[PDB]
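**Student:** below you'll find the sequence and an experimental structure to go with it.
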Amino acid sequence: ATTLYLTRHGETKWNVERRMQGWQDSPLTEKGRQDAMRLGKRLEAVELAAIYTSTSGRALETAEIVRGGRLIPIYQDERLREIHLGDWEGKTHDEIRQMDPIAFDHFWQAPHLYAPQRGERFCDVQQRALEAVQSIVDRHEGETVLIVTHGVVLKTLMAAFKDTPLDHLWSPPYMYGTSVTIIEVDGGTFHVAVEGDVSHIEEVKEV
């Protein structure tokens with residue numbers, strides 16, 4: 001019996017510039033910080049035993065803002081990092097479309113067909129993210145925790161929880177920055193209670 005709150009890091013500069021981050025990082029924007037602040041207020045009444053975040057600066061910064069001085073430990077786990085995008089990190093969609101048009105089309109349109117020479121495939125991410133989630137559950141029996149991670153990671157996790165094949169990874173809803181997803185883990189099963197809720201967000205951006 002464990003309650004898991006899942007969210008995505010707040011908006012960063014590269015998100016706005018449509019530049020893929022992956023393992024590379026960029027600072028949160030004013031809006032990103034404001035959204036994280038709004039999420040922190042929404043969870044001020046939730047009894048969080050701990051907060052897990054990927055090692056990316058954007059994720060850690062979001063976690064700190066949400067914590068906002070509360071006595072809650074933050075643990076970082078490499079298994080929660082965003083998909084490693086090798087050659088595409090730091091580049092805009094147009095720049096990538098000029099580099100590898102076919103692979104880029106697969107990434108968005110036929111996830112199961114995405115097979116980079118350098119970088120992780122969607123299944124690699126799903127496996128490590130689920131392992132991390134499992135380890136978190138195993139360490140927090142009877143507790144509630146927050147996990148701050150990334151867009152692709154969240155999509156692969158929801159696919160696992162909803163028992164959806166990876167070729168349909170990009171099915172709605174869109175996981176906006178600081179969106180709230182709640183997973184109830186009871187009797188060895190993951191139950192999706194809430195998914196991609198953005199009630200606390202003023203202006204929602206598909207970034």
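**Tutor:** Sure, I can see it. Numbers count the residues shown, from 1 in each chain.

**Student:** every contact and neighbour count from this point should use C-alpha atoms.
**Tutor:** Noted.

**Student:** would you check how far apart the residue sitting nearest the centre point of the chain and residue 46 are?
**Tutor:** Among the residues of the chain, the one closest to the centroid is residue 150, at 2.4 Å (C-alpha atoms, centre = their mean). Residue 150 sits 22 Å away from residue 46, taking C-alpha to C-alpha, to the nearest Å as the criterion.

**Student:** equivalent analysis for residue 177, please.
**Tutor:** 19 Å.

**Student:** ok, those two, which is more surrounded?
**Tutor:** residue 177 (29 against 13; other C-alpha atoms under 10 Å).

**Student:** neighbouring strands - and their directions - for the longest strand seen in the chain?
**Tutor:** In the chain, taking DSSP state E as the definition, the longest strand is strand 189-197. Paired neighbours of strand 189-197 in the sheet (DSSP bridges): strand 180-186 (antiparallel).

**Student:** tell me the secondary structure at residue 119.
**Tutor:** Classification of residue 119 by DSSP: H, G, I helix; E, B strand; the rest coil places it in coil.

**Student:** count of residues packed around it?
**Tutor:** Residue 119, neighbours per other C-alpha under 10 Å, totals 15.

**Student:** extract the CA atoms of stretch 66-74 and return them as PDB.
**Tutor:** Output in PDB follows, covering the C-alpha atoms of stretch 66-74 (Å, rounded to 0.1, in the frame of the first residue of the first chain):
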ATOM      1  CA  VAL A  66       7.700  22.100  -4.300                       C
ATOM      2  CA  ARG A  67       9.300  21.200  -1.000                       C
ATOM      3  CA  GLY A  68       9.600  24.800  -0.100                       C
ATOM      4  CA  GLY A  69      11.500  24.400   3.100                       C
ATOM      5  CA  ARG A  70       9.300  21.500   4.400                       C
ATOM      6  CA  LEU A  71      11.100  18.700   6.300                       C
ATOM      7  CA  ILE A  72      11.100  16.100   3.500                       C
ATOM      8  CA  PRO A  73      14.100  14.300   2.200                       C
ATOM      9  CA  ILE A  74      14.900  14.500  -1.500                       C
END
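
**Student:** so which bits of the longest helix anywhere in the chain are buried?
**Tutor:** As assigned by DSSP state H, the longest helix anywhere in the chain is helix 122-139. Residues of helix 122-139 classed as buried by neighbour count (16 or more other C-alpha atoms under 10 Å): 122, 125, 126, 128, 129, 130, 132, 133, 136, 137.

**Student:** against residue 169, how distant is the spatially closest residue to residue 181 that is not a sequence neighbour?
**Tutor:** Excluding the flanking residues, the one nearest residue 181 by C-alpha to C-alpha, 6 or more residues apart in numbering is residue 195, at 4.2 Å. Residue 195 sits 15 Å away from residue 169, going by C-alpha to C-alpha.

**Student:** which of the two has more neighbours?
**Tutor:** residue 169 (22 against 19).

**Student:** ok, the more buried one touching residue 156?
**Tutor:** Yes - between residue 169 and residue 156 there is a contact under C-alpha atoms under 8 Å: 6.5 Å.

**Student:** before we move on, the earlier item: for the residue nearest to residue 181, what are its contacts?
**Tutor:** 173, 180, 181, 182 (C-alpha atoms under 8 Å, 6 or more residues apart in numbering).
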